[PDB]
């Protein structure tokens, strides 16, 4: 009987949601498991880059998914959330489902996790779902758990992904407590459905389950806008990604573009690529454009017609508002332990340890996770 692990992400689950709303089902999951109250994720704090960091243990400059929208000047290739199936974009790293799939008599399974419908280094999970946001949580849940329960050879690593509370966090903004409370109650119910389902199938006691997320959300406002069209003409540059980290590809002298942009708003930092702060680990990749604009927390970079979005993320990964949480339950995990923080790149070496996989070189520190694990010294 090999170890099994289910990795679950509810997109956009800001850590402090746990302190401001009631999560009876999550509380239950935590009570007999472990909670990391907030996870320091990676810059930029967007969906595709952070999900890949979870499954590779790498910073974004290293795994190469540096935004939800990218342009590679050399190949002329474009990446976006919808247009995300060219392996070119995934192949700078090897995610854990691949390493798991490559072991004899083991399989990986997936239900909607970013990249799991793409062959990466020519390897795809035995079971996966082509991305389709219309597929209900129940269907994702019932299928991924069936696969974990049945399947020959055994499924030992599985992913499960859900688009909320990110989608509604964007719509309402995290400060809209009336509306976010209904969103998050639904998430807690889904976690309840997950636990009920594990108990029904007899998986609850032997399956390792991690419930986590990619980033948080912060409130945006009409009083906090930076309009690039009021600062620089379109002819000067091509916009690769917009807000709150704008990726700017100059059409003319980069110096001329930089001089305009650095005098646009005191509520963003304007960086030549080579001046991007080292703390972000967001420089050493050709997919990072010659200039980036980083808006301060709660500020939005806009064009004349950019639509309103009351919540957003992407900002500085040191901001608590951008941090997700992590919870876990199962034979590898202690019962009733709470820990303050780990880094999101630390999840990978922990998962490899649970599954008995040799990790690829990575930027995580296994030591940070030892207090969560039953076989490990906790200092």
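Numbering follows the first chain given and starts at 1.
J.: Per the entry, where is the mean C-alpha temperature factor higher: 26 to 34 or 46 to 54?
T.: Of 46 to 54 and 26 to 34, the stretch with the higher C-alpha B-factor average is 26 to 34.
J.: Which of the two stretches, 252 to 260 or 221 to 229, shows the higher mean Cα temperature factor in the record?
T.: Averaged over C-alpha atoms, the B-factors run higher in 252 to 260.
J.: Between 113, 157, 147, 299, which carries the biggest CA temperature factor in the record?
T.: Answer for 113, 157, 147, 299: 147, with the highest C-alpha B-factor.
J.: Go through 64, 314, 336, 324 one by one and give the residue whose Cα B-factor in the PDB entry is largest.
T.: Going by the entry's C-alpha B-factors, 336 comes out highest.
J.: Divide the modelled residues of the chain into thirds by Cα B-factor and specify which third, lowest, middle or highest, holds residue 21.
T.: For residue 21, the deposited C-alpha B-factor lands in the highest third.
J.: Relative to the other modelled residues of the same chain, rank the CA B-factor of residue 368 and answer lowest, middle or highest third.
T.: For residue 368, the deposited C-alpha B-factor lands in the middle third.
J.: Rank-wise, by C-alpha B-factor, drop residue 236 into the lowest, middle or highest third of its chain.
T.: Residue 236: CA B-factor falls in the highest third of its chain.
J.: Would you mind checking where the Cα B-factor of residue 166 ranks among the modelled residues of its chain, as the lowest, middle or highest third?
T.: Bottom third by C-alpha B-factor.
J.: Consider only the C-alpha atoms of the modelled residues in this chain, order them by B-factor as the entry records it, and name the third containing residue 271: lowest, middle or highest.
T.: Bottom third by C-alpha B-factor.
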